[PDB]
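As structure tokens, the structure follows; a few thoughts come after it.
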Amino acid sequence: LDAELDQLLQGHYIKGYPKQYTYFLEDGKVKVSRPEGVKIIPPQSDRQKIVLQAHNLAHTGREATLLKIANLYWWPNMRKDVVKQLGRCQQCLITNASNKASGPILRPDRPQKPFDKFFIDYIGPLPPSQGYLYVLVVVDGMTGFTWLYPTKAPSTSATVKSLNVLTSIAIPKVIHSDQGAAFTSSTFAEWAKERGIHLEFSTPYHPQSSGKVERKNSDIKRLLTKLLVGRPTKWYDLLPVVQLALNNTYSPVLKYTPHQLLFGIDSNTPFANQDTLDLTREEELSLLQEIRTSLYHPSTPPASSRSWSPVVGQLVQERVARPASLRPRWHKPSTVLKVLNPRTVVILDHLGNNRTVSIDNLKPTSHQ
Amino acid sequence: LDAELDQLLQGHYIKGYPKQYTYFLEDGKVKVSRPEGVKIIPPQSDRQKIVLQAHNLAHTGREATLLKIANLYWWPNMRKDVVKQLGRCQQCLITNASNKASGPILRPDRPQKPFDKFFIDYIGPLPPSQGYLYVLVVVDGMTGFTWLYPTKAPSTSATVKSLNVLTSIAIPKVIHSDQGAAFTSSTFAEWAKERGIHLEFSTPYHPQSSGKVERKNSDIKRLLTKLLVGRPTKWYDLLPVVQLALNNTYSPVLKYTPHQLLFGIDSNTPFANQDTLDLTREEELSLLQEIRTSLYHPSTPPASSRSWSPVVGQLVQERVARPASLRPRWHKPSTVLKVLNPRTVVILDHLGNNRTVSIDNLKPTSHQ
Amino acid sequence: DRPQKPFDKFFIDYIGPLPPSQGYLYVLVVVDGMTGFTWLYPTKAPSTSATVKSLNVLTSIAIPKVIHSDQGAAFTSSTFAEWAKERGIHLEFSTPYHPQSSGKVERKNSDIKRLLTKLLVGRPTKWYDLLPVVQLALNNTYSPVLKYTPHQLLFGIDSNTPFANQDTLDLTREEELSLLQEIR
Amino acid sequence: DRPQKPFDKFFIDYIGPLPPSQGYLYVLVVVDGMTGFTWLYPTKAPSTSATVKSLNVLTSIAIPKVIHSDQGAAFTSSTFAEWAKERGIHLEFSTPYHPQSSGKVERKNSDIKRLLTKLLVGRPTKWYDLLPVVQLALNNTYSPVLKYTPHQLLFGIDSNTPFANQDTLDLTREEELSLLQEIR
DNA sequence: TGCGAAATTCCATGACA
DNA sequence: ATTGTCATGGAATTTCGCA
DNA sequence: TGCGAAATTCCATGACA
DNA sequence: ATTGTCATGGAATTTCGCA
Ligand SMILES: [Mn+2]
Ligand SMILES: [Mn+2]
Ligand SMILES: [Mn+2]
Ligand SMILES: [Mn+2]
Ligand SMILES: [Mn+2]
Ligand SMILES: [Mn+2]
Ligand SMILES: [N+]
Ligand SMILES: [N+]
Ligand SMILES: [Zn+2]
Ligand SMILES: [Zn+2]
């Protein structure tokens with residue numbers, strides 16, 4: 001402030017202020033002659049106010065704020081003071097975008113057996129067909145084998161009615177879904193506990209987590225579209241055909257159809273594979289056990305050159321789910337309690353609740 | 001057919017059918033013993049039907065269709081027949097996605113002078129503020145200098161009222177816009193012809209083409225959001241502040257504000273730059289002429305490893321604009337009449353109309 | 001001859017009429033010959049159309065080469081024949097009054113009839129909801145001849161619902177007296 | 001002393017009352033001192049509030065260091081003073097009855113008054129729509145003293161609307177007789 | 001122990017949300 | 001308390017048919 | 001004719017549609 | 001008949017202050 005700046009005018013050396021420049025008084029203010037020109041040196045006690053006034057013109061980041069300040073002022077390590085303010089500006093912190101990418105995706109292991117894990121999800125609404133608007137899709141994680149049910153709503157009740165029909169065949173250890181209303185209800189929880197089925201939920205607003213079934217929705221819609229070209233969109237009667245068609249389609253990378261992965265033998269459908277005609281069922285089941293274990297498994301891709309990975313105690317911000325018009329896209333900063341895996345964390349949302357959250361819905365808070 | 005297959009059973013050599021394998025008759029059909037197993041060799045006259053039946057089960061692509069066929073059959077160069085059918089299947093051609101990326105973007109030259117080119121566009125609708133729902137944004141291409149007008153609708157009439165006010169200052173050579181209803185109307189055309197202003201339109205559904213103003217919309221909304229944190233979204237009264245705030249904000253890559261680029265001198269706003277205080281206006285205008293010409297210009301980025309560039313006479317497909325539920329995302333194939341530049345083409349949309357179109361809304365038709 | 005396989009042959013039959021349950025009166029019974037795996041479908045009638053409606057569900061999961069049945073009206077109609085011809089399914093009928101299936105299939109049908117009657121008592125009307133659990137029981141029941149359950153043979157794995165308590169299946173004293181009371 | 005610059009000083013004044021045009025009666029006139037660049041704003045009254053409303057538009061494009069005006073009520077009110085103080089604009093008044101601006105500014109105001117009267121005749125009522133073109137004319141008019149137009153000095157480029165036909169600006173015989181007819 | 005063509009495998013691209 | 005996926009069709013690489 | 005720190009420049013990321 | 005753009009904040013690179 002006035003103390004530090006005084007020792008300077010008399011020509012003695014202060015750390016930070018280079019000695020090779022000449023500092024004078026003029027118009028009631030301490031000045032300095034620098035290559036770019038003559039700038040005012042404000043007292044340390046004035047500096048926060050200045051950085052703030054410059055930042056507030058358009059809520060600019062580091063350089064654009066600096067460039068305003070440097071028009072009139074100089075002092076040691078200006079950017080350090082600029083960055084101090086950016087790190088405390090609520091409005092910038094919750095409105096600006098991130099410029100760091102998420103770390104590279106995980107490729108979770110394929111479930112070892114059929115019925116180990118189901119992925120479920122709704123498609124729709126669709127143009128009304130026989131009063132129906134939605135399709136429940138259930139995908140067996142190991143095999144890809146998929147079941148389709150038309151419904152009038154994406155409700156718990158319609159979910160239960162269809163799953164009662166499907167579980168006639170077999171009960172799965174785990175059913176994975178997103179946090180849709182149909183799956184998080186207490187009625188659906190009872191229905192699963194009643195049966196020894198464990199419910200697994202995706203982190204919220206992260207359909208990549210239900211990727212197995214989302215991806216199957218693409219094939220379902222794509223085949224439905226093709227079959228409906230130049231006809232009215234009467235899809236109800238085609239669900240059964242599409243289900244059969246997709247369950248018997250080869251995956252080029254696997255060289256197997258999901259039907260084959262589930263049963264180890266084609267049924268009476270066109271172009272049935274005949275290679276195991278001379279094996280006994282038991283020999284067939286033994287070759288299927290071997291086929292199941294040696295399926296191609298993708299590996300985690302390279303990190304992008306500017307990614308971040310979460311660290312316990314880091315300040316991070318959760319993306320606002322359905323942000324209103326002209327409202328921030330980010331929540332206030334919160335703290336990483338636990339790193340479940342490099343792509344998943346528990347945060348204290350500073351209310352404070354524990355939330356389990358994908359890093360894709362997180363940015364690391366800027367300026368520490 | 002029956003002719004070609006006969007010469008084979010008697011043991012003479014036909015081109016395509018390897019001589020080292022043994023071909024026999026059984027159950028009324030020509031067969032062959034191959035490493036994988038014994039397959040039927042259909043007569044050439046049966047083959048189209050077979051490929052078709054296999055493809056039609058789930059409208060599968062090359063390998064997945066092949067794998068069905070190879071379960072029962074063998075013949076020379078099967079994939080060639082598979083690919084022949086895929087290239088003729090309307091339903092696959094108009095529903096499947098592309099797997100080739102667009103060629104690398106162009107970085108058009110920055111307009112040489114202020115007023116050479118304006119980019120205009122609407123933001124909204126926004127939460128009602130004083131009865132207003134939209135903002136007209138006008139961005140000078142050379143300087144970035146931006147004008148903002150609140151409107152009740154994105155109409156021609158409101159466009160004209162605001163541009164009459166703006167053109168009080170200066171008339172631009174060119175006004176670039178997208179194909180919005182407000183800009184393509186005959187009333188707006190008359191209004192521009194009346195003034196010696198040339199209208200330039202983006203290719204349809206390609207806002208990257210209005211990138212200059214789209215990008216400015218981001219800053220406008222971002223600053224509006226910050227200023228409205230924890231207050232009701234009363235944005236009308238802030239347009240003037242935001243306009244001033246952004247026109248006087250530095251671009252870090254340029255080291256200039258748009259105001260500076262337009263006038264070569266700051267006005268009475270906070271942190272006004274003072275470097276040209278000792279120059280005459282004329283000296284100032286001469287330094288500005290030099291500053292304008294030496295601004296950083298970005299270069300075209302590297303092509304991605306699997307891109308396509310349009311070639312005259314190529315079959316290509318335009319993306320359907322607003323495709324209905326369960327309907328194809330692509331139009332029927334059409335022909336490239338002219339390559340305007342590597343990212344822009346004229347196609348005969350086989351009705352046939354001439355359309356000028358971005359390659360981002362095109363895929364190259366598959367299987368030639 | 002080639003070894004027997006799942007989907008080689010489905011054995012179908014109707015059971016009923018039963019007491020009404022949520023509007024349903026019959027059960028179409030489908031048993032895979034090689035595995036002994038059972039599917040059950042509630043119907044309102046033993047008609048061709050109820051059969052087609054139910055088999056359309058099953059045949060969206062897996063198609064048999066041959067369907068075997070007695071000469072019930074539902075299975076001998078020309079509609080049902082047209083249906084099978086359309087799916088490349090060969091039909092096969094036992095000669096009238098002489099039902100022949102196979103030992104494994106015969107025993108399974110006995111189990112089904114007996115297991116149904118067991119729980120159809122005390123709750124003659126709530127069997128619709130019980131069809132799922134009935135099937136799981138039937139399909140996770142050990143086969144004396146083979147070392148394996150139908151589930152194991154169909155899918156090649158253990159199931160998450162083994163029915164370890166191989167049950168009585170006979171009618172207790174209270175059930176005999178209240179089956180004689182309901183059938184009064 | 002440092003050379004004169006655009007935005008150093010804006011000279012403002014009211015012209016009117018005029019005949020009604022789309023509800024407007026006056027013109028606030030703003031002339032930049034260094035460049036001679038003119039902005040015009042239609043108002044309904046020569047009041048502080050009409051002045052503030054108009055200057056708010058202009059001061060969203062560029063802010064002057066000093067505003068100069070006569071001692072009109074609109075400019076001497078304490079509201080207008082509060083307004084300028086808020087924007088760091090110093091106010092400057094000519095002494096009453098002695099309007100002083102500058103040679104360049106004086107001539108410009110003469111041009112404005114004369115150019116207005118010229119087209120305000122035959123169409124005394126349609127001037128609202130003409131304000132844009134009036135300004136373009138005024139701003140792309142060559143300055144005898146300087147080699148440059150206000151447009152050129154403000155923006156440092158030629159404009160796309162040069163007014164090459166430096167016009168008569170005087171009233172023809174038909175206009176004098178019909179200005180004497182309108183003012184009857 | 002090598003060549004030309006065919007077959008198979010690789011893998012970026014995009015779409016499911 | 002959890003986690004992306006995989007059909008697609010040109011290109012790159014491997015295998016086949018033959019000497 | 002070189003060192004440590006500060007300043008400046010680079011540039012991937014994402015959001016406007 | 002046309003065509004992406006540029007604020008942002010860590011990291012990489014250059015410059016500054018001093019001997
Ligand atoms: Mn969902
Ligand atoms: Mn638009
Ligand atoms: Mn019977
Ligand atoms: Mn006056
Ligand atoms: Mn979904
Ligand atoms: Mn837009
Ligand atoms: N895993
Ligand atoms: N260009
Ligand atoms: Zn801020
Ligand atoms: Zn097809």
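Each chain gets a letter, A, B and so on, in the order the sequences are listed, and its residues count up from 1.
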- Task: Under 4.5 Å heavy-atom distance to chain D, tell me which part of B:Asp266 shows up: side chain, backbone, both or neither.
- Result: backbone

- Message: If I measure from the heavy atoms of chain B, does D:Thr161 come under 4.5 Å with its side chain, its backbone, both, or neither?
- Response: side chain

- For B:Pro172, is it the side chain, the backbone, both or neither that has a heavy atom under 4.5 Å from a heavy atom of chain D? backbone

- When rounded to the nearest 0.5 angstrom, what distance separates CG in D:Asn139 from OG in B:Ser168? 9.5 Å

- Query: Relative to chain D, which segment of B:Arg292 carries a heavy atom at a distance below 4.5 Å: side chain, backbone, both, or neither?
  - Reply: side chain

- For B:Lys173, is it the side chain, the backbone, both or neither that has a heavy atom under 4.5 Å from a heavy atom of chain D? both

- Item | Interatomic distance, D:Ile157 atom CD1 to B:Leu285 atom CG [nearest 0.5 angstrom] | 10.5 Å

- Task: Go through the atoms of B:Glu283 and report whether side chain, backbone, both or neither lie under 4.5 Å from a heavy atom of chain D.
- Result: neither

- Query: By a 4.5 Å heavy-atom criterion (distance strictly below it), what part of B:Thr280 contacts chain D: side chain, backbone, both, or neither?
  - Reply: both

- Item | Reported CD1-to-NE2 distance for the pair B:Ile169 and D:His151, which is rounded to 0.5 angstrom | 11.0 Å

- Task: Name the region of B:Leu277, side chain, backbone, both or neither, that has any atom closer than 4.5 Å to a heavy atom of chain D.
- Result: both

- Item | Options D:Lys5, D:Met34, D:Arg2, ranked by heavy-atom pairs under 4.5 Å with chain B, top entry | D:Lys5

- Message: Does B:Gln112, at its CD atom, have more than 12 non-hydrogen atoms belonging to other residues, nucleotides or ligands within less than 6.0 Å?
- Response: no

- Task: Report the distance from atom CD1 of D:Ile63 to atom CG of B:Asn248, rounding to the nearest 0.5 Å.
- Result: 8.0 Å

- Item | Side chain, backbone, both or neither of B:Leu166 within contact of chain D (heavy atoms, under 4.5 Å) | neither

- Where on B:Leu244 is there a heavy atom nearer than 4.5 Å to chain D: the side chain, the backbone, both, or neither? both

- Where on D:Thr59 is there a heavy atom nearer than 4.5 Å to chain B: the side chain, the backbone, both, or neither? backbone

- Message: Any side-chain to backbone donor/acceptor pair from B:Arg281 onto D:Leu153? Under 3.5 Å, distance only.
- Response: yes

- Flag, side chain of B:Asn268 to backbone of D:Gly88, donor-acceptor distance under 3.5 Å: yes

